[PDB]
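Undergrad: One structure, pasted below without further comment.
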Amino acid sequence: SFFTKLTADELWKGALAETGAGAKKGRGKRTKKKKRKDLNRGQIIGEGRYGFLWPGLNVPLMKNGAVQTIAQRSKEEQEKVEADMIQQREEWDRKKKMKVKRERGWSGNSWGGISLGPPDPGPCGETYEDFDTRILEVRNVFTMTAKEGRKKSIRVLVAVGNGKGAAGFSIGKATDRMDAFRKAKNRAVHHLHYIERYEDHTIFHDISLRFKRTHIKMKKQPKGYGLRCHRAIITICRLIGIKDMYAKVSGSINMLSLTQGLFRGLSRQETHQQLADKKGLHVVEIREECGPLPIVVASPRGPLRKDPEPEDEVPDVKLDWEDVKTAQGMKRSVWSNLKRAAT
Amino acid sequence: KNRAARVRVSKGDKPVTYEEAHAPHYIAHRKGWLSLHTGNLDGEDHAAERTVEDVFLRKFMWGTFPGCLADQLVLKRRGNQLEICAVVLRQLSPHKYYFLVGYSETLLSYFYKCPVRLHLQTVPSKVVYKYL
Amino acid sequence: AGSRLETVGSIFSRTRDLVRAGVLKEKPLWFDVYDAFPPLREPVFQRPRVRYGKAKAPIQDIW
Amino acid sequence: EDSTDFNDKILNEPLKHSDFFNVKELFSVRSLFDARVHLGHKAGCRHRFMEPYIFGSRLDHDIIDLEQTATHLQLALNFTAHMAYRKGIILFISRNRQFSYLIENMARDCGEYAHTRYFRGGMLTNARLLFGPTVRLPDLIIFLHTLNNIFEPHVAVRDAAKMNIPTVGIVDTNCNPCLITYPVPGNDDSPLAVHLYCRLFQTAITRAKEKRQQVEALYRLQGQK
Amino acid sequence: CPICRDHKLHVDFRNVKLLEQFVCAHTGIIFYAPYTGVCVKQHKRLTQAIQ
RNA sequence: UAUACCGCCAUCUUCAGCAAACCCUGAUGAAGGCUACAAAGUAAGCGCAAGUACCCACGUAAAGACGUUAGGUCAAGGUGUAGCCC
Ligand SMILES: [K+]
Ligand SMILES: [Mg+2]
Ligand SMILES: [Mg+2]
Ligand SMILES: [Mg+2]
Ligand SMILES: [Mg+2]
Ligand SMILES: [Mg+2]
Ligand SMILES: [Mg+2]
Ligand SMILES: [Mg+2]
Ligand SMILES: [Mg+2]
Ligand SMILES: [Mg+2]
């Protein structure tokens with residue numbers, strides 16, 4: 001019956017079953033989800049199965065300066081139009097079947113190490129095209145509500161940095177993963193540290209710190225060493241602009257503490273110039289590749305002290321057993337110094 | 001909860017027209033009727049045939065102008081005349097509109113045996129009353 | 001842009017670094033005035049802690 | 001070609017003098033003493049970070065060192081004048097309700113702004129949403145009282161630092177000056193002390209604005225001929 | 001691998017610019033195959049050509 | 001097959017809460033955000049409310065969100081999946 005036919009919106013809403021009891025409390029799987037297909041896309045007004053040519057609708061109104069009359073495409077001509085229409089549909093459908101190659105992060109199904117692009121521009125013609133964002137963690141946290149029970153939320157950790165010392169991180173929370181990505185990305189830009197890089201490739205000195213229950217021990221390294229540290233640290237280092245460094249993470253491997261601990265240490269590192277001014281003495285760099293040549297890297301801007309720093313016979317410094325154990329060749333590990341891809 | 005003809009709140013991004021934004025308990029308070037005839041007056045006849053004609057006309061016009069209608073039809077009946085007032089979009093070429101007006105007016109006059117007129121009002125885009 | 005980490009350094013240290021890195025396109029109006037006539041103490045956030053054991057305040061009674 | 005000369009003769013010139021606005025004459029250690037600026041709270045209310053500025057305790061009443069107040073006040077008034085000379089927006093913040101009327105008048109008289117009322121959350125860190133996308137925030141915030149009405153630091157002290165806005169502040173013996181850029185140790189309770197602060201900051205702002213008009217006028221008259 | 005995916009890259013002792021990409025500019029050591037991903041066959045041809 | 005759904009409804013509701021977008025607090029954890037002699041919240045929208053119907057400003061109707069019970073209905077009709085076609 002013609003009077004029992006509904007519209008496309010009503011037909012697709014029922015057939016898709018997007019709003020139902022099976023999509024509330026994780027009651028249905030995601031594999032059998034079907035997609036809406038607009039069936040009016042390739043349809044032309046006036047085109048039918050009989051192939052009539054209506055002047056002024058399907059075909060032009062006037063041809064050769066004369067009003068066209070009603071005509072009908074020949075059988076063989078209509079077959080071509082029908083065959084072409086099938087081909088056009090297959091091509092359009094083919095486009096949707098094609099999978100775009102997505103650059104994977106740390107793992108195929110992991111969000112860590114994926115770029116979110118540049119932060120969104122501000123409302124007053126502000127732009128952050130130099131900054132790059134990379135996800136660090138995506139977690140499905142839950143709370144309990146009286147009405148619905150389990151309420152799923154997304155906690156996202158992202159880090160932003162232009163690669164020239166300015167880098168920050170923020171946490172974004174939202175029901176939708178897109179809203180979480182946006183909030184964290186835009187908020188991280190307003191919380192930017194500045195990291196002092198020695199010769200714009202490494203840290204000034206070895207940093208050992210403990211943030212809560214996370215131990216991070218970073219070592220200064222020469223050029224060409226590369227980033228031999230925890231993967232999350234590698235991502236943050238590329239955003240900061242550090243090219244060569246080694247770091248060992250111990251204790252709890254909490255991503256929040258690791259990130260907050262890393263930015264705490266790198267922010268507090270003392271530069272050579274800051275050392276010379278505080279000590280009032282020249283900072284002389286001794287390089288094995290340059291023999292005994294004394295390279296002065298920083299001099300005191302103020303007056304230079306004339307008394308030499310007292311040389312304590314035995315330094316009362318706390319040594320890390322792991323460092324001493326390695327220098328004595330007592331550390332055998334089948335996992336250390338393994339060949340790895342360039343970082 | 002009542003469901004009849006209620007567009008339900010979303011995230012504040014669903015544009016609704018003025019008719020779609022008002023539930024059935026406003027049909028004589030904030031919005032009017034989409035059809036005006038005498039069948040449903042006291043002591044009047046032929047309400048059933050007027051309804052079947054209204055249901056058909058709304059489907060005929062939806063399929064005859066595919067993707068052009070910007071809101072519901074307004075069906076008017078004065079004596080023998082039938083007047084269809086449609087708010088359409090400004091996407092389809094005018095030539096195609098004039099063809100469809102002459103075609104629908106003629107085809108419907110012979111189907112319901114009465115003079116039928118089609119009054120088109122064009123809008124640049126769908127008139128959004130609010131965002132639900 | 002700016003940096004809202006009020007617990008890391010001072011407003012000048014943060015601003016100066018961001019201007020140097022190129023994040024801040026134009027230095028704020030007060031920046032030049034601050035540098036010319038800086039305060040005696042750099043305004044760095046520091047946490048107040050309770051005195052334990054033998055620690056006492058250096059304030060002396062006026063007699 | 002002309003912008004650089006204008007900026008150097010007007011904007012950079014005052015930054016080459018130690019006391020371009022001559023704020024030294026506005027106050028002396030004697031005048032501060034007569035206003036009871038040295039009277040601090042009892043020793044039991046002392047904040048640990050205010051000890052470097054306390055001269056001593058006279059019968060368990062902290063005495064603020066006016067020799068430091070003079071140097072601290074000199075720097076605060078100098079910074080205030082330079083900001084007013086540069087056409088900067090100065091905001092006076094105070095939650096002491098005994099002086100709310102006085103401070104609101106002092107701001108209106110010197111052509112500046114005052115916020116003596118309940119500070120709603122996000123006035124500074126959420127301004128573009130509260131006021132509008134093109135709203136301009138203050139360039140200087142002068143705290144005549146840095147504590148709120150529960151004897152804790154006024155929230156704007158933290159928020160001003162978040163927004164990288166320099167702050168001038170009168171810090172009594174029970175206040176926390178760690179985040180105030182230009183702290184001025186002094187009594188913030190006695191009307192005489194508060195009245196003196198208002199006169200000093202109102203005079204420095206008015207003087208600076210007038211000096212800006214005089215310098216600009218001279219530059220323009222000379223430019224033509 | 002990087003060498004085998006492009007048929008126009010010829011590992012020859014005369015192609016000095018290509019060979020330089022597989023040596024550390026700061027230390028002069030030839031990167032081991034896991035570093036760049038070249039297969040053992042091409043790494044052996046590269047190592048010989050660099051020498 | 002109502003445990004795939006649209007449509008139309010029951011129920012708490014003889015409720016007042018659901019809230020996008022921001023901001024702040026928790027050392028940047030799940031989360032939390034009020035004090036008027038005020039101490040971090042600002043909040044579009046939806047519901048309540050207000051308006052309207054009936055004989056009033058009263059009362060009764062109507063209205064009553066987001067969600068809860070995979071609550072009711074493939075037998076109003078339409079319809080995804082599967083099955084039947086002498
Ligand atoms: K069925
Ligand atoms: Mg995989
Ligand atoms: Mg009901
Ligand atoms: Mg006091
Ligand atoms: Mg059910
Ligand atoms: Mg009533
Ligand atoms: Mg009722
Ligand atoms: Mg009501
Ligand atoms: Mg059931
Ligand atoms: Mg049943």
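Within each chain, counting starts at residue 1; across the structure tokens, chains are named A, B, ... in the order shown, with ligands numbered 1 upward in that order.
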Excluding residue 151 of chain A and any residue of its chain fewer than 3 positions from it, enumerate the residues within 6 Å of it, using only C-alpha atoms (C1' of nucleotides), and give them as a ChimeraX atom specification.

TA: /A:142-144

Undergrad: Could you write out as a PyMOL selection string the residues of chain A within 8 Å of chain B, counting only C-alpha atoms?

TA: chain A and resi 3+45+56-57

Undergrad: Would you mind exporting N, CA, C and O atoms of the selected residues as a PDB file, in the first residue's frame?

TA:
```
ATOM      1  N   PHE A   3       0.062   4.077   1.213  1.00  0.00           N
ATOM      2  CA  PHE A   3      -0.155   4.864   2.418  1.00  0.00           C
ATOM      3  C   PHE A   3       0.605   4.332   3.625  1.00  0.00           C
ATOM      4  O   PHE A   3       0.599   4.983   4.674  1.00  0.00           O
ATOM      5  N   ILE A  45      16.708  14.287 -10.808  1.00  0.00           N
ATOM      6  CA  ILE A  45      15.279  14.540 -10.943  1.00  0.00           C
ATOM      7  C   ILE A  45      14.878  14.374 -12.401  1.00  0.00           C
ATOM      8  O   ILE A  45      15.485  14.966 -13.302  1.00  0.00           O
ATOM      9  N   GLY A  56      13.031  20.435 -20.092  1.00  0.00           N
ATOM     10  CA  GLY A  56      13.035  21.397 -19.010  1.00  0.00           C
ATOM     11  C   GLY A  56      13.296  20.811 -17.641  1.00  0.00           C
ATOM     12  O   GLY A  56      13.393  21.573 -16.671  1.00  0.00           O
ATOM     13  N   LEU A  57      13.417  19.490 -17.530  1.00  0.00           N
ATOM     14  CA  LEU A  57      13.694  18.839 -16.257  1.00  0.00           C
ATOM     15  C   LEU A  57      14.871  17.885 -16.406  1.00  0.00           C
ATOM     16  O   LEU A  57      15.967  18.155 -15.907  1.00  0.00           O
TER      17      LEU A  57
END
```

Undergrad: With 8 Å as the limit and counting only C-alpha atoms, what residues in chain E lie close to chain A? Please list them as a list in words.

TA: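 Therefore, the residues near the partner are residues 24, 25, 26, 27, 32, 34, 35, 36 and 37 of chain E.
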
Undergrad: For the selection you just gave me, I'd like the residues written to a file as a compact mmCIF listing (two decimals), in the first residue's frame, keeping C-alpha atoms.

TA:
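Heads up, here's the output in selection_19.txt:
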```
# COMPACT_ATOMS: atom_id res chain seq x y z
CA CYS E 24 77.33 8.63 11.99
CA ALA E 25 78.37 12.20 11.22
CA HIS E 26 79.58 12.79 14.79
CA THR E 27 81.45 9.51 15.43
CA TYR E 32 74.10 -1.44 12.53
CA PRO E 34 68.52 -2.49 13.20
CA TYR E 35 69.28 1.25 13.38
CA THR E 36 68.06 2.05 9.85
CA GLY E 37 66.21 -1.17 9.04
```

Undergrad: Given only C-alpha atoms, how would the per-residue table for chain C near chain D read, listing every residue at most 7 Å away with its closest atom pair and distance in Å to one decimal, sorted by chain and number, as CSV?

TA:
```
residue,atom,partner,partner_atom,distance
C:3,CA,D:162,CA,7.0
C:4,CA,D:162,CA,4.2
C:5,CA,D:162,CA,6.2
C:6,CA,D:162,CA,5.1
C:11,CA,D:164,CA,5.2
C:30,CA,D:83,CA,6.8
C:33,CA,D:82,CA,6.8
C:36,CA,D:15,CA,6.4
C:39,CA,D:182,CA,6.0
C:43,CA,D:181,CA,5.1
C:44,CA,D:179,CA,6.1
C:45,CA,D:178,CA,5.3
C:46,CA,D:178,CA,6.2
C:48,CA,D:48,CA,6.9
C:59,CA,D:56,CA,5.3
C:60,CA,D:56,CA,5.3
C:61,CA,D:57,CA,4.8
C:62,CA,D:58,CA,5.1
```

Undergrad: If you keep N, CA and C atoms, can you produce a file of those selected residues as a JSON list (two decimals), in the first residue's frame?

TA:
```json
[["chain", "number", "residue", "atom", "x", "y", "z"],
["C", 3, "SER", "N", 52.10, 31.49, 30.38],
["C", 3, "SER", "CA", 52.28, 30.29, 31.19],
["C", 3, "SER", "C", 51.61, 30.51, 32.53],
["C", 4, "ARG", "N", 50.68, 29.64, 32.89],
["C", 4, "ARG", "CA", 49.91, 29.77, 34.12],
["C", 4, "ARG", "C", 50.52, 28.99, 35.28],
["C", 5, "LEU", "N", 51.77, 28.55, 35.15],
["C", 5, "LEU", "CA", 52.46, 27.82, 36.21],
["C", 5, "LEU", "C", 53.06, 28.82, 37.19],
["C", 6, "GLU", "N", 52.19, 29.37, 38.04],
["C", 6, "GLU", "CA", 52.62, 30.39, 38.99],
["C", 6, "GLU", "C", 53.60, 29.86, 40.03],
["C", 11, "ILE", "N", 57.01, 35.72, 37.40],
["C", 11, "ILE", "CA", 56.35, 36.20, 36.19],
["C", 11, "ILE", "C", 57.38, 36.66, 35.17],
["C", 30, "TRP", "N", 54.54, 45.73, 30.95],
["C", 30, "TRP", "CA", 55.29, 45.85, 32.19],
["C", 30, "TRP", "C", 56.69, 45.25, 32.10],
["C", 33, "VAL", "N", 59.54, 47.79, 32.07],
["C", 33, "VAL", "CA", 59.60, 48.51, 33.33],
["C", 33, "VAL", "C", 60.18, 47.62, 34.42],
["C", 36, "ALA", "N", 64.06, 47.31, 34.10],
["C", 36, "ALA", "CA", 64.80, 48.53, 34.45],
["C", 36, "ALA", "C", 64.89, 48.70, 35.96],
["C", 39, "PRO", "N", 62.47, 44.38, 41.58],
["C", 39, "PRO", "CA", 62.34, 44.41, 43.04],
["C", 39, "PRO", "C", 63.54, 43.75, 43.72],
["C", 43, "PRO", "N", 59.90, 37.48, 42.82],
["C", 43, "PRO", "CA", 58.69, 36.85, 43.38],
["C", 43, "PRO", "C", 58.50, 35.40, 42.95],
["C", 44, "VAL", "N", 59.18, 34.51, 43.66],
["C", 44, "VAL", "CA", 59.12, 33.07, 43.42],
["C", 44, "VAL", "C", 58.28, 32.44, 44.51],
["C", 45, "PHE", "N", 57.33, 31.59, 44.11],
["C", 45, "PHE", "CA", 56.48, 30.92, 45.09],
["C", 45, "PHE", "C", 57.30, 29.99, 45.96],
["C", 46, "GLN", "N", 57.07, 30.06, 47.27],
["C", 46, "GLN", "CA", 57.74, 29.20, 48.23],
["C", 46, "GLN", "C", 56.75, 28.78, 49.30],
["C", 48, "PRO", "N", 55.31, 27.71, 52.89],
["C", 48, "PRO", "CA", 55.62, 27.87, 54.32],
["C", 48, "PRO", "C", 55.54, 26.54, 55.06],
["C", 59, "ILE", "N", 63.23, 36.90, 65.35],
["C", 59, "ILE", "CA", 62.70, 38.14, 65.88],
["C", 59, "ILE", "C", 63.04, 38.25, 67.36],
["C", 60, "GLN", "N", 63.62, 39.38, 67.75],
["C", 60, "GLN", "CA", 64.05, 39.62, 69.12],
["C", 60, "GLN", "C", 63.15, 40.66, 69.78],
["C", 61, "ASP", "N", 62.99, 40.53, 71.09],
["C", 61, "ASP", "CA", 62.18, 41.47, 71.85],
["C", 61, "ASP", "C", 62.87, 42.83, 71.95],
["C", 62, "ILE", "N", 62.11, 43.89, 71.71],
["C", 62, "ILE", "CA", 62.63, 45.25, 71.77],
["C", 62, "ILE", "C", 62.62, 45.71, 73.22]]
```

Undergrad: Any residue with an atom at most 9 Å from ligand 1 counts, using only C-alpha atoms (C1' of nucleotides) and all ligand atoms. Which are they? Put them as a PDB file with N, CA and C atoms (P, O5', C5', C4', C3', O3' and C1' of nucleotides), in the first residue's frame.

TA:
```
ATOM      1  P     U F   1       9.812 -15.363  19.323  1.00  0.00           P
ATOM      2  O5'   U F   1      11.103 -14.443  19.183  1.00  0.00           O
ATOM      3  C5'   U F   1      12.392 -14.948  19.496  1.00  0.00           C
ATOM      4  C4'   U F   1      13.475 -13.973  19.119  1.00  0.00           C
ATOM      5  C3'   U F   1      13.302 -12.558  19.639  1.00  0.00           C
ATOM      6  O3'   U F   1      13.697 -12.417  20.992  1.00  0.00           O
ATOM      7  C1'   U F   1      13.892 -12.490  17.354  1.00  0.00           C
ATOM      8  P     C F  74       4.027  -8.315  20.180  1.00  0.00           P
ATOM      9  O5'   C F  74       4.865  -7.838  18.918  1.00  0.00           O
ATOM     10  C5'   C F  74       5.360  -8.784  17.982  1.00  0.00           C
ATOM     11  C4'   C F  74       5.479  -8.190  16.603  1.00  0.00           C
ATOM     12  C3'   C F  74       5.639  -9.206  15.480  1.00  0.00           C
ATOM     13  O3'   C F  74       4.985  -8.737  14.303  1.00  0.00           O
ATOM     14  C1'   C F  74       7.550  -7.807  15.563  1.00  0.00           C
ATOM     15  P     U F  79       8.238  -2.376   5.366  1.00  0.00           P
ATOM     16  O5'   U F  79       9.549  -2.502   6.258  1.00  0.00           O
ATOM     17  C5'   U F  79      10.568  -1.515   6.207  1.00  0.00           C
ATOM     18  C4'   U F  79      11.512  -1.633   7.375  1.00  0.00           C
ATOM     19  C3'   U F  79      12.253  -2.953   7.504  1.00  0.00           C
ATOM     20  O3'   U F  79      13.390  -3.025   6.662  1.00  0.00           O
ATOM     21  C1'   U F  79      11.354  -2.347   9.602  1.00  0.00           C
ATOM     22  P     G F  80      14.042  -4.445   6.289  1.00  0.00           P
ATOM     23  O5'   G F  80      15.257  -4.583   7.310  1.00  0.00           O
ATOM     24  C5'   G F  80      16.359  -3.691   7.255  1.00  0.00           C
ATOM     25  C4'   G F  80      17.372  -3.991   8.329  1.00  0.00           C
ATOM     26  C3'   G F  80      17.887  -5.422   8.379  1.00  0.00           C
ATOM     27  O3'   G F  80      18.922  -5.672   7.445  1.00  0.00           O
ATOM     28  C1'   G F  80      17.247  -4.756  10.544  1.00  0.00           C
ATOM     29  P     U F  81      18.933  -7.035   6.595  1.00  0.00           P
ATOM     30  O5'   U F  81      19.210  -8.164   7.681  1.00  0.00           O
ATOM     31  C5'   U F  81      20.452  -8.229   8.366  1.00  0.00           C
ATOM     32  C4'   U F  81      20.432  -9.275   9.450  1.00  0.00           C
ATOM     33  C3'   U F  81      19.989 -10.667   9.029  1.00  0.00           C
ATOM     34  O3'   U F  81      21.010 -11.416   8.395  1.00  0.00           O
ATOM     35  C1'   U F  81      18.851 -10.056  10.994  1.00  0.00           C
TER      36        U F  81
END
```

Undergrad: So which residues are near ligand 7, meaning at most 9 Å away with only C-alpha atoms (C1' of nucleotides) and all ligand atoms counted, given back as a ChimeraX atom specification?

TA: /F:61-63

Undergrad: Could you save the residues just selected, with C-alpha atoms (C1' of nucleotides), as a PDB file, in the first residue's frame?

TA:
```
ATOM      1  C1'   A F  61      -6.394  19.534  33.704  1.00  0.00           C
ATOM      2  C1'   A F  62      -2.321  19.664  30.586  1.00  0.00           C
ATOM      3  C1'   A F  63       2.910  19.597  31.200  1.00  0.00           C
TER       4        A F  63
END
```

Undergrad: Please identify every residue of chain F that has at least one atom no farther than 12 Å from an atom of ligand 8, counting only C-alpha atoms (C1' of nucleotides) and all ligand atoms, and for each give the shortest atom pair and the distance in Å to one decimal, arranged by chain then increasing number, as CSV.

TA:
```
residue,atom,partner,partner_atom_place_in_ligand_line,distance
F:47,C1',ligand 8,1 (Mg),9.2
F:48,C1',ligand 8,1 (Mg),6.9
F:49,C1',ligand 8,1 (Mg),6.5
F:50,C1',ligand 8,1 (Mg),7.8
F:51,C1',ligand 8,1 (Mg),8.6
F:52,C1',ligand 8,1 (Mg),10.1
F:61,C1',ligand 8,1 (Mg),11.6
F:62,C1',ligand 8,1 (Mg),8.5
F:63,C1',ligand 8,1 (Mg),5.1
F:64,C1',ligand 8,1 (Mg),7.3
F:65,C1',ligand 8,1 (Mg),11.9
```

Undergrad: Go ahead and write the selection's residues with N, CA, C and O atoms (P, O5', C5', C4', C3', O3' and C1' of nucleotides) as a PDB file, in the first residue's frame.

TA:
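Saved as again.pdb:
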```pdb
ATOM      1  P     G F  47      11.802  22.262  27.870  1.00  0.00           P
ATOM      2  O5'   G F  47      11.682  21.614  29.319  1.00  0.00           O
ATOM      3  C5'   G F  47      11.373  20.237  29.471  1.00  0.00           C
ATOM      4  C4'   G F  47      11.506  19.779  30.900  1.00  0.00           C
ATOM      5  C3'   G F  47      10.723  20.561  31.938  1.00  0.00           C
ATOM      6  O3'   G F  47       9.348  20.230  31.974  1.00  0.00           O
ATOM      7  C1'   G F  47      12.912  20.221  32.721  1.00  0.00           C
ATOM      8  P     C F  48       8.257  21.370  32.267  1.00  0.00           P
ATOM      9  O5'   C F  48       8.475  21.722  33.803  1.00  0.00           O
ATOM     10  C5'   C F  48       8.281  20.741  34.809  1.00  0.00           C
ATOM     11  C4'   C F  48       8.818  21.197  36.139  1.00  0.00           C
ATOM     12  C3'   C F  48       8.194  22.457  36.718  1.00  0.00           C
ATOM     13  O3'   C F  48       6.950  22.227  37.352  1.00  0.00           O
ATOM     14  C1'   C F  48      10.537  22.618  36.862  1.00  0.00           C
ATOM     15  P     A F  49       5.693  23.169  37.023  1.00  0.00           P
ATOM     16  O5'   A F  49       6.234  24.643  37.290  1.00  0.00           O
ATOM     17  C5'   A F  49       6.601  25.070  38.594  1.00  0.00           C
ATOM     18  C4'   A F  49       7.282  26.414  38.560  1.00  0.00           C
ATOM     19  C3'   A F  49       6.486  27.540  37.919  1.00  0.00           C
ATOM     20  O3'   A F  49       5.536  28.122  38.792  1.00  0.00           O
ATOM     21  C1'   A F  49       8.663  27.527  37.024  1.00  0.00           C
ATOM     22  P     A F  50       4.106  28.585  38.227  1.00  0.00           P
ATOM     23  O5'   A F  50       4.461  29.687  37.135  1.00  0.00           O
ATOM     24  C5'   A F  50       5.108  30.896  37.500  1.00  0.00           C
ATOM     25  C4'   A F  50       5.494  31.704  36.289  1.00  0.00           C
ATOM     26  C3'   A F  50       4.366  32.030  35.324  1.00  0.00           C
ATOM     27  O3'   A F  50       3.589  33.138  35.735  1.00  0.00           O
ATOM     28  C1'   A F  50       6.212  31.207  34.112  1.00  0.00           C
ATOM     29  P     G F  51       2.152  33.399  35.069  1.00  0.00           P
ATOM     30  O5'   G F  51       2.484  33.591  33.524  1.00  0.00           O
ATOM     31  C5'   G F  51       1.465  33.940  32.603  1.00  0.00           C
ATOM     32  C4'   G F  51       1.731  33.361  31.238  1.00  0.00           C
ATOM     33  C3'   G F  51       0.539  32.713  30.553  1.00  0.00           C
ATOM     34  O3'   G F  51      -0.319  33.652  29.934  1.00  0.00           O
ATOM     35  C1'   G F  51       2.399  31.274  30.407  1.00  0.00           C
ATOM     36  P     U F  52      -1.877  33.699  30.325  1.00  0.00           P
ATOM     37  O5'   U F  52      -2.514  32.492  29.506  1.00  0.00           O
ATOM     38  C5'   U F  52      -2.417  32.451  28.092  1.00  0.00           C
ATOM     39  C4'   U F  52      -2.565  31.050  27.555  1.00  0.00           C
ATOM     40  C3'   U F  52      -3.863  30.334  27.880  1.00  0.00           C
ATOM     41  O3'   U F  52      -4.941  30.740  27.057  1.00  0.00           O
ATOM     42  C1'   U F  52      -2.050  28.874  28.251  1.00  0.00           C
ATOM     43  P     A F  61      -6.401  16.543  38.170  1.00  0.00           P
ATOM     44  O5'   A F  61      -6.941  16.702  36.683  1.00  0.00           O
ATOM     45  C5'   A F  61      -6.087  16.507  35.568  1.00  0.00           C
ATOM     46  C4'   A F  61      -6.561  17.294  34.376  1.00  0.00           C
ATOM     47  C3'   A F  61      -5.596  17.367  33.206  1.00  0.00           C
ATOM     48  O3'   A F  61      -5.666  16.226  32.371  1.00  0.00           O
ATOM     49  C1'   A F  61      -6.394  19.534  33.704  1.00  0.00           C
ATOM     50  P     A F  62      -4.386  15.276  32.192  1.00  0.00           P
ATOM     51  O5'   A F  62      -3.421  16.106  31.237  1.00  0.00           O
ATOM     52  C5'   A F  62      -3.835  16.492  29.936  1.00  0.00           C
ATOM     53  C4'   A F  62      -3.149  17.760  29.497  1.00  0.00           C
ATOM     54  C3'   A F  62      -1.631  17.716  29.461  1.00  0.00           C
ATOM     55  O3'   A F  62      -1.120  17.108  28.288  1.00  0.00           O
ATOM     56  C1'   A F  62      -2.321  19.664  30.586  1.00  0.00           C
ATOM     57  P     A F  63       0.136  16.113  28.383  1.00  0.00           P
ATOM     58  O5'   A F  63       1.326  17.041  28.888  1.00  0.00           O
ATOM     59  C5'   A F  63       1.729  18.182  28.148  1.00  0.00           C
ATOM     60  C4'   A F  63       2.689  19.034  28.933  1.00  0.00           C
ATOM     61  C3'   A F  63       3.907  18.314  29.490  1.00  0.00           C
ATOM     62  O3'   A F  63       4.946  18.178  28.541  1.00  0.00           O
ATOM     63  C1'   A F  63       2.910  19.597  31.200  1.00  0.00           C
ATOM     64  P     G F  64       5.682  16.766  28.345  1.00  0.00           P
ATOM     65  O5'   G F  64       6.488  16.563  29.701  1.00  0.00           O
ATOM     66  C5'   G F  64       7.498  17.480  30.092  1.00  0.00           C
ATOM     67  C4'   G F  64       7.915  17.267  31.523  1.00  0.00           C
ATOM     68  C3'   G F  64       8.261  15.840  31.908  1.00  0.00           C
ATOM     69  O3'   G F  64       9.559  15.451  31.501  1.00  0.00           O
ATOM     70  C1'   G F  64       6.834  16.755  33.539  1.00  0.00           C
ATOM     71  P     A F  65       9.793  14.015  30.821  1.00  0.00           P
ATOM     72  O5'   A F  65      11.147  14.196  30.008  1.00  0.00           O
ATOM     73  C5'   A F  65      11.301  15.265  29.087  1.00  0.00           C
ATOM     74  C4'   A F  65      12.574  16.027  29.339  1.00  0.00           C
ATOM     75  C3'   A F  65      13.835  15.187  29.464  1.00  0.00           C
ATOM     76  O3'   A F  65      14.395  14.868  28.203  1.00  0.00           O
ATOM     77  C1'   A F  65      13.734  16.738  31.247  1.00  0.00           C
TER      78        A F  65
END
```

Undergrad: Show me a table, sorted first by chain and then by increasing residue number, of the residues of chain A having an atom at most 10 Å from ligand 2, each with its shortest atom pair and the distance in Å to one decimal, counting only C-alpha atoms and all ligand atoms and written as JSON lines.

TA:
```
{"residue": "A:104", "atom": "CA", "partner": "ligand 2", "partner_atom_place_in_ligand_line": "1 (Mg)", "distance": 9.0}
{"residue": "A:107", "atom": "CA", "partner": "ligand 2", "partner_atom_place_in_ligand_line": "1 (Mg)", "distance": 6.9}
{"residue": "A:108", "atom": "CA", "partner": "ligand 2", "partner_atom_place_in_ligand_line": "1 (Mg)", "distance": 4.1}
{"residue": "A:109", "atom": "CA", "partner": "ligand 2", "partner_atom_place_in_ligand_line": "1 (Mg)", "distance": 6.1}
{"residue": "A:110", "atom": "CA", "partner": "ligand 2", "partner_atom_place_in_ligand_line": "1 (Mg)", "distance": 9.1}
```

Undergrad: The selected residues should be written to file as an mmCIF file, in the first residue's frame (atoms: N, CA and C atoms).

TA:
```cif
data_model
loop_
_atom_site.group_PDB
_atom_site.id
_atom_site.type_symbol
_atom_site.label_atom_id
_atom_site.label_comp_id
_atom_site.auth_asym_id
_atom_site.auth_seq_id
_atom_site.Cartn_x
_atom_site.Cartn_y
_atom_site.Cartn_z
ATOM 1 N N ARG A 104 50.894 4.572 12.959
ATOM 2 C CA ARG A 104 50.692 4.019 14.290
ATOM 3 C C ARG A 104 51.669 4.628 15.291
ATOM 4 N N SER A 107 52.083 1.245 19.538
ATOM 5 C CA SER A 107 51.574 -0.040 19.087
ATOM 6 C C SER A 107 50.435 0.199 18.108
ATOM 7 N N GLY A 108 50.004 -0.881 17.457
ATOM 8 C CA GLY A 108 48.972 -0.755 16.443
ATOM 9 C C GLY A 108 47.675 -0.193 16.990
ATOM 10 N N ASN A 109 47.272 -0.643 18.176
ATOM 11 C CA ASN A 109 46.017 -0.228 18.786
ATOM 12 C C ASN A 109 46.222 0.723 19.957
ATOM 13 N N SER A 110 47.406 1.309 20.089
ATOM 14 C CA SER A 110 47.720 2.214 21.185
ATOM 15 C C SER A 110 47.574 3.665 20.747
#
```
